[PDB]
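Q: Please find one structure pasted underneath; my questions will follow.
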Amino acid sequence: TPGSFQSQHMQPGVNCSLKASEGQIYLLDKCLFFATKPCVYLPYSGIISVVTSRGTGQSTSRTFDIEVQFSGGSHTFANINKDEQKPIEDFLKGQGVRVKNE
Amino acid sequence: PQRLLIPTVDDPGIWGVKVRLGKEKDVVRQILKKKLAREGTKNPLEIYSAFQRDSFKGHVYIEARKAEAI
Amino acid sequence: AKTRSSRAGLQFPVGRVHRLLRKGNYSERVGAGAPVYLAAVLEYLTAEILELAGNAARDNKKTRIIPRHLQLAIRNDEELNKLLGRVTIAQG
Amino acid sequence: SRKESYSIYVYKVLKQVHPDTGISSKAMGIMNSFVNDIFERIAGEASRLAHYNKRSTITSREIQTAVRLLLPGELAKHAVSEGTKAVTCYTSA
Amino acid sequence: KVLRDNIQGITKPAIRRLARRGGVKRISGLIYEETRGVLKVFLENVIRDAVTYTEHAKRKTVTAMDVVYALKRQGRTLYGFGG
Amino acid sequence: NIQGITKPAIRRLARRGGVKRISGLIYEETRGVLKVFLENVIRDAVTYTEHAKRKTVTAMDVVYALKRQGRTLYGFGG
Amino acid sequence: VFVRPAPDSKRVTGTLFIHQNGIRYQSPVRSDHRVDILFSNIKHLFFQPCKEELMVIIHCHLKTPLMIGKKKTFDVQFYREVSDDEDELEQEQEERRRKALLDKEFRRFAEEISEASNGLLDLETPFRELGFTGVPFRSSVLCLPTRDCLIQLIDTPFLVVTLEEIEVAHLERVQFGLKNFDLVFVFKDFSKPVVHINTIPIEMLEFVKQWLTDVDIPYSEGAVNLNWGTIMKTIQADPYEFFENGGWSXXXXXXXXXXXXXXXXXXXXXXXX
Amino acid sequence: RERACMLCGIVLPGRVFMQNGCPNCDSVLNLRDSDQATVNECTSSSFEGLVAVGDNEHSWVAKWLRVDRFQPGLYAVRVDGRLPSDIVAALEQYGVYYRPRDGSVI
Amino acid sequence: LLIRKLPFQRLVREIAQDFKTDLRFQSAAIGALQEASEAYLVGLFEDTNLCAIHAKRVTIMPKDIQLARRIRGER
Amino acid sequence: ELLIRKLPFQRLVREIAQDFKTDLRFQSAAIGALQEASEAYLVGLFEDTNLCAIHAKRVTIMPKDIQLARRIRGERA
Ligand SMILES: [Zn+2]
């Protein structure tokens, strides 16, 4: 079931795009789960670091991107609302995941 | 000017030391690192400059005033 | 020509605009031709709008102008709609 | 007191423009709102300019340049011409 | 008396009509709820300001000018109801 | 002087914006958009300058012209 | 020359030949990939130069459909592509020379096709200045009027609407301050499916209405996207009863028929206090 | 990867020149605030005669290379390439004379 | 106006019941609210239709609404 | 750091300004502010364009994406 994660909007997940596919990311107690073709399951034990990009320089990007690095590659989740950045970072730090902010 | 900068007797001396081929720049960088690290200490490296030339192979030239500094 | 509108050949009230500019807390002092200039601009703009509203009401065979014709006039004029792009018209 | 509105002036302007046309009450409410809104915009921008330039008086130059800022090209040109004409003739008279 | 869950008073035809006036031909079934939420968030943002004005005037009735100022603050100027 | 905005510069701006692949007409489209933006902003600034009876365009004119558009800029004396 | 639709899955350049009663496309790689088009079967012959395009076009719209490879088509397009600070400005001048060269050669060839037809085929060119943007299929494209047709030839699938075959045009989504509208063409042959052109910018509405009037096409406007699958099947079932009850003339209802208005305030153009 | 700054003669990595600029020439060149073209026009990766200076004030070598008023570090006797005409004119505007280190001028 | 006048009134009162208990309303306040709400929604449906046409579609879906509200700068 | 070269942007600004009043002068800070604002604007526009392109299930941004973003913002009519 959904974990202890609650978005700024009190929602159990966040809207994001993985490549050209729009969908929902769920931060569950043991894993990150993206529920939209293609479905992506990422256990926290397999995650090396999460990199968050909020504009990579000048101009405030209203929507930020999350790159999840793991032993088999990286997944970039794009178009996440910036208000959801702090709740996601605090939850991932709480789960013992290394968060890097460019 | 340029002509006035020619050396005098009271200018610091220059010594040349033979080293292994291809390691001249390595010795120059090590000397610079030691000079920077020992700067501000009780026994700093009392030298002034050091260099080398590609054409003059196997030679490293250090400008100082005492052989003990070399 | 007693009224200041007459001395300027206007229909809008110069005196009321003067009073509103003074009793409105905009600046310590007010000129003598600023109310005249502003009344002229306002009258010109209202005439500009009413021309096109009359045109639109005459294209719909109507004698009275209603909010529909004002909406049509504004959204059909390139410059007026640019001026009034962030304005909602009730019953338009 | 008797509420102030620009209704009679809009009737005058309308008869000047369209003698055989009439305006509804709601269209007059809209026109009054428009006139008030434009007055507020222009006076606020004139005050902003006066404060920007450390002045304590609103003269016709501030109003003219406010019209230049707010109105688009042809509208600004015609409204500036109309205002200068009216101010010139009021001064002359 | 307290009002409970009156959002469903925005029945399917109102939203469909509103879409037709907007030029929409085919409407997915998830739209109606989407729209309802959007509208809620809008009204809550406008009303919170209108009420703020009403309470500051030390009044107990929400007047049309309070709504007009609340809209004007968001760049939503409305002609027809005063101004 | 509008050809001074080279293709690599537009590519750099798109990469900082996160754009992965770029068409060939994007460059001309961007040049047109930038020209429109700059035209409006410089027109407002020059209006401010003329009103202030100056022949030089200051940073205050640009800052007020951006505040006029709603593009408030911090760090230039505002 | 490249041909569309291609006779094989491989894009190959060929040679187009003029013969006594038609044209022949012939690939150099395989003799079996010939495409023969008779002059009697060409309905419309279009030429389109590189005015903004990376390509030059000779398009044949057909009366009867042909079987090119595995595809039935009414349209056969023959084309070639130009594509391959002062130095970059000079490279654009060299591209403008290459455009003008291919334009002159392909226009001349399309005129020579018209001459070889003994006056059966007129050469049409698109009026680019009268063009408007819209979505007939899945992409936004520039729709170009010609003398006798409304065309789009740059992207597949091609649009070719003959103006004389139109019975009525309907403008859907047109109402109070709308961002965009749709245009629907109904044909005189009710068995032919209606053609939709979507998202035409509302700025082009008055231009499209004028253009339809200048071409003698009746139009009507509506706030709602009327279904034509329903409208046509009813009209096909009894075309006579349809016209008996007012056809589309009654549906038009141009008369505003609005007299209720919103009352009026005391009419007094007199200064008060 | 290392480049030799043409003006002052110091040698630093090219990425150091791009990110932080020349510690000595930043008062007149603005290398950190300059694009890659200006960095290449003022810092050259092709050089000869690596020089390490410890004490600028008393080293005769530093005076002979006119680097006795600069930060100690890696220096080059000869640097391939010269400053462009516009940059030379800009330096002449500041009142600072540029003496080439290419060896061709003496 | 397409929405009615009494369900909308009840919705407005229900929403207003959170910010201050037992608040009266005025002649032209609910009407203005309905006009603004319908104008806003029509503009939003215009943008949604534009996005849906952009996606080569004719059906508007919730992700088009989300994209429109994201580009408008809505939270 | 600014991604446009300074002199081209200054020349463009002067070219544009010369169409409203001849013999105009610009403080260097005015040009700097203009460049900052223009790049910030262009980056925000490119972010919206990227969002539109991803919405259409693509990777390549196209002029129609820019036009759609500018229309939805309310910049083009
Ligand atoms: Zn240097």
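Chain labels follow the order of the structure tokens: the first chain is A, the next B, and so on; residue numbering restarts at 1 in every chain, and ligands are counted from 1 in their shown order.
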If you run DSSP over the backbone, which residues in chain I end up strand (DSSP E or B)? Put them as a ChimeraX atom specification.

A: /I:24-25,59-60

Q: Show me which residues line ligand 1, defined as having an atom within 6 Å of a ligand atom where only C-alpha atoms and all ligand atoms count, and present them as a ChimeraX atom specification.

A: /H:5,7-10,22,24-25

Q: Take the residues that were just selected and, keeping N, CA, C and O atoms, output them as a PDB file, in the first residue's frame.

A:
ATOM      1  N   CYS H   5      48.618  31.491 -19.668  1.00  0.00           N
ATOM      2  CA  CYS H   5      48.035  32.813 -19.882  1.00  0.00           C
ATOM      3  C   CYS H   5      49.035  33.707 -20.604  1.00  0.00           C
ATOM      4  O   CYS H   5      50.174  33.861 -20.156  1.00  0.00           O
ATOM      5  N   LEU H   7      49.141  37.001 -21.203  1.00  0.00           N
ATOM      6  CA  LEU H   7      49.484  38.315 -20.664  1.00  0.00           C
ATOM      7  C   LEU H   7      50.452  38.212 -19.487  1.00  0.00           C
ATOM      8  O   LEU H   7      51.587  38.698 -19.562  1.00  0.00           O
ATOM      9  N   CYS H   8      50.027  37.580 -18.392  1.00  0.00           N
ATOM     10  CA  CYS H   8      50.871  37.535 -17.202  1.00  0.00           C
ATOM     11  C   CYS H   8      51.907  36.418 -17.245  1.00  0.00           C
ATOM     12  O   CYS H   8      52.908  36.505 -16.532  1.00  0.00           O
ATOM     13  N   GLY H   9      51.690  35.379 -18.046  1.00  0.00           N
ATOM     14  CA  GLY H   9      52.622  34.273 -18.126  1.00  0.00           C
ATOM     15  C   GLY H   9      52.367  33.105 -17.197  1.00  0.00           C
ATOM     16  O   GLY H   9      53.128  32.131 -17.241  1.00  0.00           O
ATOM     17  N   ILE H  10      51.337  33.165 -16.344  1.00  0.00           N
ATOM     18  CA  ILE H  10      51.063  32.053 -15.438  1.00  0.00           C
ATOM     19  C   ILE H  10      50.493  30.871 -16.222  1.00  0.00           C
ATOM     20  O   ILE H  10      49.935  31.025 -17.319  1.00  0.00           O
ATOM     21  N   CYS H  22      42.085  33.954 -14.466  1.00  0.00           N
ATOM     22  CA  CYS H  22      43.479  34.187 -14.118  1.00  0.00           C
ATOM     23  C   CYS H  22      43.543  35.006 -12.835  1.00  0.00           C
ATOM     24  O   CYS H  22      42.947  36.083 -12.773  1.00  0.00           O
ATOM     25  N   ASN H  24      45.815  36.847 -11.607  1.00  0.00           N
ATOM     26  CA  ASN H  24      46.543  38.101 -11.748  1.00  0.00           C
ATOM     27  C   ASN H  24      45.950  39.021 -12.803  1.00  0.00           C
ATOM     28  O   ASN H  24      45.848  40.232 -12.576  1.00  0.00           O
ATOM     29  N   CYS H  25      45.556  38.479 -13.951  1.00  0.00           N
ATOM     30  CA  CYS H  25      45.062  39.271 -15.071  1.00  0.00           C
ATOM     31  C   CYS H  25      43.573  39.581 -14.983  1.00  0.00           C
ATOM     32  O   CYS H  25      43.039  40.219 -15.897  1.00  0.00           O
TER      33      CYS H  25
END

Q: Can you list, as JSON, numbers by chain, every protein, DNA or RNA residue that comes within 9 Å of residue 54 (chain B) when you count only C-alpha atoms, leaving out same-chain residues fewer than 3 positions away?

A: {"B": [24, 57, 58], "H": [48, 49, 50]}

Q: Excluding region 9-16 of chain I and its own-chain neighbours fewer than 6 positions away, which residues fall within 10 Å of it when counting only C-alpha atoms? Please give them as a VMD selection string.

A: (chain E and resid 2 to 10 40 43 to 44 47 to 48 50 to 51) or (chain I and resid 22 to 25 30 to 31 33 to 34)

Q: So that I have them on file, write out the residues from the current selection with N, CA, C and O atoms, as a short mmCIF file (atom, residue, chain, number, x, y, z; two decimals), in the first residue's frame.

A:
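So the final result, stored in selection-v1.cif, reads:
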data_model
loop_
_atom_site.label_atom_id
_atom_site.label_comp_id
_atom_site.auth_asym_id
_atom_site.auth_seq_id
_atom_site.Cartn_x
_atom_site.Cartn_y
_atom_site.Cartn_z
N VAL E 2 -25.33 23.09 7.98
CA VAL E 2 -24.03 23.03 7.32
C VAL E 2 -24.21 22.38 5.95
O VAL E 2 -24.98 21.43 5.79
N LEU E 3 -23.50 22.91 4.96
CA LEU E 3 -23.54 22.38 3.60
C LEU E 3 -22.44 21.34 3.44
O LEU E 3 -21.29 21.57 3.82
N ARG E 4 -22.80 20.19 2.87
CA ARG E 4 -21.88 19.05 2.77
C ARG E 4 -21.84 18.52 1.35
O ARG E 4 -22.85 18.02 0.84
N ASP E 5 -20.67 18.64 0.71
CA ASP E 5 -20.38 18.05 -0.59
C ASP E 5 -21.36 18.50 -1.67
O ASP E 5 -22.12 17.71 -2.23
N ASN E 6 -21.33 19.79 -1.96
CA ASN E 6 -22.24 20.36 -2.94
C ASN E 6 -21.54 20.57 -4.27
O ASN E 6 -22.10 21.18 -5.18
N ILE E 7 -20.32 20.04 -4.39
CA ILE E 7 -19.53 20.15 -5.61
C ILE E 7 -20.21 19.39 -6.73
O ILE E 7 -20.11 19.77 -7.90
N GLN E 8 -20.94 18.33 -6.40
CA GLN E 8 -21.68 17.57 -7.39
C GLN E 8 -22.88 18.32 -7.92
O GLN E 8 -23.61 17.78 -8.75
N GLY E 9 -23.09 19.56 -7.48
CA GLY E 9 -24.09 20.38 -8.14
C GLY E 9 -23.63 20.95 -9.46
O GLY E 9 -24.43 21.53 -10.19
N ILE E 10 -22.35 20.77 -9.79
CA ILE E 10 -21.83 21.09 -11.12
C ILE E 10 -22.05 19.84 -11.96
O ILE E 10 -21.17 18.99 -12.09
N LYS E 40 -13.01 24.33 -7.64
CA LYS E 40 -12.89 24.47 -6.20
C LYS E 40 -11.70 25.33 -5.83
O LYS E 40 -11.80 26.26 -5.03
N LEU E 43 -12.30 29.01 -6.67
CA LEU E 43 -13.22 29.74 -5.83
C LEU E 43 -12.63 29.93 -4.45
O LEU E 43 -12.80 30.99 -3.83
N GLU E 44 -11.97 28.90 -3.91
CA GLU E 44 -11.34 29.05 -2.61
C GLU E 44 -10.31 30.17 -2.60
O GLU E 44 -10.28 30.97 -1.66
N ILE E 47 -12.65 33.66 -2.99
CA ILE E 47 -13.46 33.86 -1.80
C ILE E 47 -12.59 34.19 -0.60
O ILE E 47 -12.96 35.03 0.23
N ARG E 48 -11.46 33.49 -0.41
CA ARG E 48 -10.62 33.84 0.73
C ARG E 48 -10.23 35.32 0.73
O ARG E 48 -10.29 35.98 1.78
N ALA E 50 -12.09 37.80 -0.93
CA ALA E 50 -13.30 38.59 -0.78
C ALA E 50 -13.68 38.66 0.69
O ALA E 50 -14.00 39.73 1.21
N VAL E 51 -13.69 37.51 1.35
CA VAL E 51 -13.95 37.45 2.78
C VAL E 51 -12.95 38.29 3.55
O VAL E 51 -13.29 38.93 4.55
N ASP I 22 -21.36 31.81 9.18
CA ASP I 22 -22.62 32.53 9.02
C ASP I 22 -22.41 33.90 8.36
O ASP I 22 -22.63 34.96 8.96
N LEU I 23 -21.94 33.86 7.11
CA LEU I 23 -21.66 35.11 6.35
C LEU I 23 -22.80 35.37 5.36
O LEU I 23 -23.16 34.44 4.61
N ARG I 24 -23.33 36.59 5.35
CA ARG I 24 -24.41 36.95 4.38
C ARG I 24 -23.78 37.27 3.02
O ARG I 24 -22.57 37.59 2.98
N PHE I 25 -24.56 37.17 1.94
CA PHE I 25 -24.04 37.52 0.58
C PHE I 25 -24.83 38.71 0.02
O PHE I 25 -25.87 39.07 0.61
N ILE I 30 -22.83 36.84 -5.95
CA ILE I 30 -22.91 35.50 -6.51
C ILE I 30 -22.96 35.55 -8.03
O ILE I 30 -22.37 34.71 -8.72
N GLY I 31 -23.64 36.55 -8.59
CA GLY I 31 -23.68 36.67 -10.04
C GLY I 31 -22.31 36.95 -10.63
O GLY I 31 -21.91 36.34 -11.63
N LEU I 33 -19.45 36.20 -9.21
CA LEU I 33 -18.66 34.99 -9.04
C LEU I 33 -18.96 33.99 -10.14
O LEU I 33 -18.04 33.37 -10.69
N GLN I 34 -20.23 33.84 -10.51
CA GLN I 34 -20.56 32.87 -11.55
C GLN I 34 -20.02 33.32 -12.90
O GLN I 34 -19.49 32.51 -13.67
#

Q: Mind checking which residues fall within 12 Å of residue 70 (chain I), counting only C-alpha atoms, ignoring those fewer than 2 positions away in the same chain, and posting them as number ranges by chain?

A: A: 15, 61-63, 79-82; I: 44, 47-48, 63-68, 72-75; J: 47-49, 51-52, 55, 69, 72-73

Q: Would you give me, as a ChimeraX atom specification, the residues of chain D that come within 8 Å of chain C, using only C-alpha atoms?

A: /D:9-10,12-14,17-18,20-24,26-27,30,35,38,43-44,47,50,56-61,63-64,70-72,75,79-80,82-84,86-87,89-91,93

Q: Would you mind exporting the chosen residues as a compact mmCIF listing (two decimals), in the first residue's frame, restricted to N, CA and C atoms?

A:
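Output saved as part_32.txt:
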# COMPACT_ATOMS: atom_id res chain seq x y z
N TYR D 9 -22.55 61.45 -19.86
CA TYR D 9 -21.48 61.77 -20.78
C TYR D 9 -21.39 60.72 -21.88
N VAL D 10 -21.65 59.46 -21.53
CA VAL D 10 -21.66 58.42 -22.54
C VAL D 10 -22.86 58.59 -23.47
N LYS D 12 -24.10 61.52 -24.27
CA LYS D 12 -23.68 62.63 -25.12
C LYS D 12 -22.74 62.15 -26.22
N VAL D 13 -21.74 61.36 -25.85
CA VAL D 13 -20.77 60.85 -26.82
C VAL D 13 -21.45 59.95 -27.83
N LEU D 14 -22.38 59.11 -27.37
CA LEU D 14 -23.09 58.21 -28.27
C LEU D 14 -23.90 58.99 -29.29
N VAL D 17 -21.82 60.25 -31.80
CA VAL D 17 -21.31 59.22 -32.71
C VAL D 17 -22.43 58.51 -33.44
N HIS D 18 -23.44 58.04 -32.70
CA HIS D 18 -24.55 57.30 -33.29
C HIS D 18 -25.85 57.91 -32.80
N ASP D 20 -28.87 57.55 -33.83
CA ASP D 20 -29.98 56.60 -33.86
C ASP D 20 -29.63 55.26 -33.22
N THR D 21 -28.84 55.27 -32.14
CA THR D 21 -28.51 54.07 -31.40
C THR D 21 -28.70 54.30 -29.90
N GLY D 22 -29.09 53.25 -29.19
CA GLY D 22 -29.27 53.35 -27.76
C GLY D 22 -28.42 52.36 -26.99
N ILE D 23 -28.23 52.62 -25.70
CA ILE D 23 -27.40 51.79 -24.84
C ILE D 23 -28.26 51.20 -23.73
N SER D 24 -28.03 49.93 -23.42
CA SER D 24 -28.71 49.31 -22.30
C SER D 24 -28.09 49.76 -20.99
N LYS D 26 -26.96 47.78 -18.60
CA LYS D 26 -25.78 46.97 -18.30
C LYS D 26 -24.59 47.42 -19.13
N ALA D 27 -24.82 47.79 -20.39
CA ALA D 27 -23.71 48.30 -21.18
C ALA D 27 -23.20 49.62 -20.61
N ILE D 30 -20.95 48.67 -17.75
CA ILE D 30 -19.65 48.25 -18.26
C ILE D 30 -18.83 49.46 -18.66
N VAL D 35 -14.31 53.29 -17.77
CA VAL D 35 -13.80 54.64 -17.60
C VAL D 35 -13.07 54.76 -16.27
N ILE D 38 -9.69 52.91 -16.50
CA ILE D 38 -8.67 53.63 -17.25
C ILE D 38 -8.16 54.82 -16.46
N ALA D 43 -3.79 57.44 -13.64
CA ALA D 43 -3.36 58.20 -12.48
C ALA D 43 -2.28 57.47 -11.71
N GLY D 44 -2.40 56.15 -11.57
CA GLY D 44 -1.36 55.40 -10.89
C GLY D 44 -0.03 55.45 -11.61
N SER D 47 1.49 58.91 -11.13
CA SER D 47 2.10 59.01 -9.81
C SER D 47 3.42 58.26 -9.77
N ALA D 50 6.00 60.39 -11.42
CA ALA D 50 6.34 61.55 -10.62
C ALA D 50 7.26 61.17 -9.48
N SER D 56 6.63 66.46 -7.49
CA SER D 56 5.42 66.52 -6.68
C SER D 56 4.28 67.21 -7.42
N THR D 57 4.23 67.05 -8.74
CA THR D 57 3.15 67.63 -9.53
C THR D 57 2.91 66.77 -10.76
N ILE D 58 1.64 66.59 -11.09
CA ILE D 58 1.23 65.85 -12.28
C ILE D 58 0.90 66.86 -13.37
N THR D 59 1.78 66.99 -14.35
CA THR D 59 1.54 67.88 -15.47
C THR D 59 1.19 67.06 -16.70
N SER D 60 0.78 67.77 -17.76
CA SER D 60 0.28 67.09 -18.95
C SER D 60 1.35 66.23 -19.62
N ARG D 61 2.62 66.48 -19.32
CA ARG D 61 3.68 65.65 -19.86
C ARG D 61 3.64 64.25 -19.26
N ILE D 63 1.02 62.76 -18.09
CA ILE D 63 -0.15 62.09 -18.63
C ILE D 63 0.11 61.66 -20.07
N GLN D 64 0.80 62.50 -20.83
CA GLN D 64 1.11 62.17 -22.22
C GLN D 64 2.00 60.94 -22.30
N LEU D 70 0.87 53.17 -22.12
CA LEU D 70 -0.26 52.26 -22.04
C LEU D 70 -0.81 51.91 -23.41
N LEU D 71 -1.07 52.90 -24.24
CA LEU D 71 -1.77 52.60 -25.48
C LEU D 71 -0.83 52.03 -26.53
N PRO D 72 -1.35 51.18 -27.42
CA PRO D 72 -0.54 50.70 -28.54
C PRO D 72 -0.38 51.78 -29.61
N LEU D 75 -3.36 53.77 -31.56
CA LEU D 75 -4.18 54.33 -30.49
C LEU D 75 -3.44 55.42 -29.75
N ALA D 79 -4.63 59.30 -29.70
CA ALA D 79 -5.03 59.86 -28.42
C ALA D 79 -4.11 61.00 -28.00
N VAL D 80 -2.82 60.89 -28.30
CA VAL D 80 -1.90 61.98 -28.04
C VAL D 80 -2.27 63.20 -28.87
N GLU D 82 -5.21 63.98 -30.07
CA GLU D 82 -6.46 64.53 -29.55
C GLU D 82 -6.22 65.32 -28.27
N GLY D 83 -5.42 64.77 -27.36
CA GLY D 83 -5.17 65.44 -26.10
C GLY D 83 -4.40 66.73 -26.28
N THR D 84 -3.36 66.71 -27.11
CA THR D 84 -2.61 67.94 -27.36
C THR D 84 -3.49 68.99 -28.02
N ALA D 86 -6.77 69.33 -27.71
CA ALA D 86 -7.70 69.85 -26.71
C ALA D 86 -7.01 70.76 -25.71
N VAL D 87 -5.80 70.39 -25.28
CA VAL D 87 -5.08 71.21 -24.31
C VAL D 87 -4.67 72.52 -24.95
N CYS D 89 -6.22 74.08 -27.37
CA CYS D 89 -7.36 74.96 -27.57
C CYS D 89 -7.92 75.47 -26.24
N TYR D 90 -7.81 74.67 -25.18
CA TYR D 90 -8.22 75.16 -23.87
C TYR D 90 -7.29 76.26 -23.38
N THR D 91 -5.99 76.12 -23.63
CA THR D 91 -5.04 77.17 -23.28
C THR D 91 -5.32 78.43 -24.08
N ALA D 93 -8.09 79.43 -25.50
CA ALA D 93 -9.35 80.03 -25.08
C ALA D 93 -9.26 80.56 -23.66

Q: Quick one: everything within 9 Å of residue 32 (chain D), counting only C-alpha atoms, minus sequence neighbours fewer than 5 positions away in the same chain. Send it as a PyMOL selection string.

A: (chain D and resi 5-7+10+27+37) or (chain E and resi 79-80+82-83)

Q: Emit the selected residues as a PDB file, in the first residue's frame, including C-alpha atoms.

A:
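Generated output (again34.pdb):
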ATOM      1  CA  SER D   5     -21.357  57.969 -12.879  1.00  0.00           C
ATOM      2  CA  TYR D   6     -20.355  58.820 -16.437  1.00  0.00           C
ATOM      3  CA  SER D   7     -23.708  57.792 -17.909  1.00  0.00           C
ATOM      4  CA  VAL D  10     -21.665  58.418 -22.543  1.00  0.00           C
ATOM      5  CA  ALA D  27     -23.713  48.304 -21.185  1.00  0.00           C
ATOM      6  CA  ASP D  37     -10.467  51.539 -14.642  1.00  0.00           C
TER       7      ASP D  37
ATOM      8  CA  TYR E  79     -16.828  44.950 -16.069  1.00  0.00           C
ATOM      9  CA  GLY E  80     -20.576  45.068 -15.534  1.00  0.00           C
ATOM     10  CA  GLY E  82     -19.338  48.079 -10.797  1.00  0.00           C
ATOM     11  CA  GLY E  83     -15.820  49.421 -10.934  1.00  0.00           C
TER      12      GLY E  83
END

Q: Using only C-alpha atoms, which residues sit within 10 Å of region 202-215 of chain G once same-chain residues fewer than 3 positions away are excluded, as a PyMOL selection string?

A: (chain C and resi 76+78) or (chain G and resi 130-133+145+147-148+163-164+168-169+171+173-174+177-183+199+218-221) or (chain J and resi 77)

Q: Any chance you could tabulate, as a tab-separated table, the residues of chain G at most 12 Å from chain F with each one's nearest atom pair and distance in Å to one decimal, using only C-alpha atoms, in chain and rising number order?

A:
residue	atom	partner	partner_atom	distance
G:52	CA	F:25	CA	11.2
G:53	CA	F:25	CA	11.6
G:54	CA	F:24	CA	11.4
G:83	CA	F:24	CA	11.4
G:85	CA	F:3	CA	6.3
G:86	CA	F:3	CA	9.0
G:87	CA	F:3	CA	11.1
G:88	CA	F:3	CA	9.0
G:89	CA	F:3	CA	8.7

Q: Identify every residue of chain F that has at least one atom within 8 Å of any atom of chain J, counting only C-alpha atoms, and report the result as number ranges by chain.

A: F: 1-2, 4-5, 9, 12-14, 16-23, 25-26, 29, 34, 37-39, 42-43, 46, 55-60, 62-63, 71, 73, 76
